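Student: The following block contains the structure, expressed as structure tokens.
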Amino acid sequence: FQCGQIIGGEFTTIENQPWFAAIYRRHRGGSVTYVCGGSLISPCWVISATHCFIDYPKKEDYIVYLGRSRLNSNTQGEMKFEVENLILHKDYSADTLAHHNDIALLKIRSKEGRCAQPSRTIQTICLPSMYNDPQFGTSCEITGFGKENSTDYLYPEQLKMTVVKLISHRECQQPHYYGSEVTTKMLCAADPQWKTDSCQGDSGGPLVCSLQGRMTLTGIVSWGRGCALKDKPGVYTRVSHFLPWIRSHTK
Ligand SMILES: NC[C@H]1CC[C@@H](C(=O)O)CC1
């Protein structure tokens with residue numbers, strides 16, 4: 001492994017986002033449904049958002065897939081996993097509109113007792129170095145099985161991706177935007193003409209940026225008001241500010 005090597009946007013294959021994890025819940029009735037996204041950060045660890053699991057925190061109930069480009073069908077080279085350990089951030093909160101410390105860790109273990117193995121469809125995403133983010137106005141990529149329009153009932157069957165641009169705290173903390181709801185441990189991103197964005201079901205997925213030739217996990221899909229609404233960008237967990245929390249649990 002060599003690390004880092006939807007409204008609008010386009011369809012894609014997992015070769016373009018080989019770090020993408022598709023997380024599913026098995027329920028209480030035997031039926032399995034899509035919960036949300038995630039990113040492979042090391043062979044045994046997938047990173048996502050706490051809000052994806054806060055209502056069902058029993059590890060035994062989740063299924064993780066790597067190398068999956070299709071929602072309810074099989075893709076050649078996909079690897080299935082059990083969640084060995086589900087770590088939610090104890091300081092998670094969502095009392096108001098914003099979700100605070102919205103980050104989660106999933107230890108993955110296949111029925112064959114193995115962790116993720118590199119292939120053309122399974123790869124790791126580079127974690128940022130402490131506090132090192134791309135410049136405001138940088139184009140980064142988002143990926144998911146989320147809705148194509150907020151009013152849609154169904155989820156697309158094929159994986160999607162688009163490009164969004166990082167927005168400064170100054171701009172995002174404006175009152176017609178999110179105001180004081182966005183903290184410094186969050187990152188805002190949007191399409192300049194509000195035509196593309198992450199939507200419902202893209203939660204936990206990554207905001208992938210290129211820094212020093214490395215695709216970096218700069219954000220994790222967290223929250224926002226609607227999808228692709230003027231002045232209402234997608235808000236992301238600012239990974240570069242959660243490194244001791246990640247390290248503390250992957251040691
Ligand atoms: N645009 C980002 C935002 C992330 C998920 C959210 C939700 O699941 O409610 C809707 C949109």
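Every residue number used here counts from 1 along the chain in the order it is shown.
Just so you know, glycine gets a Cβ as well, placed from its N, Cα and C.
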Student: Given the candidates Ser69, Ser150, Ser203, specify the residue that Swiss-Prot annotates with phosphoserine.
Tutor: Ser150
Student: Scan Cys172, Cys188, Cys209, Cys227 and flag the one Swiss-Prot records as disulfide-linked to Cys199.
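Tutor: Within the candidate set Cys172, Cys188, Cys209, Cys227, Swiss-Prot assigns the bond with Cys199 to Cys227.
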Student: With reference to Swiss-Prot, which of the candidate residues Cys140, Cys172, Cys188 participates in the disulphide bond with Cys209?
Tutor: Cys140
Student: Looking at the disulfide-bonded residues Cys44, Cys115, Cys172, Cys188, which sits with the largest number of other Cβ atoms within 10 Å of its Cβ?
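Tutor: Its Cβ has the most other Cβ atoms within 10 Å: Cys188.
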Student: Compute the C-alpha separation of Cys227 (disulfide bond) from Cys44 (disulfide bond), stating it in Å without decimals.
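Tutor: So the Cα of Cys44 (disulfide bond) lies 32 Å away from that of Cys227 (disulfide bond).
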Student: Listed disulfide-bonded residues: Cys188, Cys199, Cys209, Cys227. Which have a CB under 6 angstroms from an atom of ligand 1?
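Tutor: List returned for ligand 1: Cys199, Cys227.
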Student: Give me the Cα-Cα distance between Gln5 and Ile6 in Å, rounded to a whole number; there are 8 residues missing between them in the deposited model.
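Tutor: Output for the chain break: 23 Å between Cα atoms.
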Student: Please report how many Å separate the Cα atom of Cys36 (disulfide bond) from that of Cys199 (disulfide bond), as a whole number.
Tutor: 11
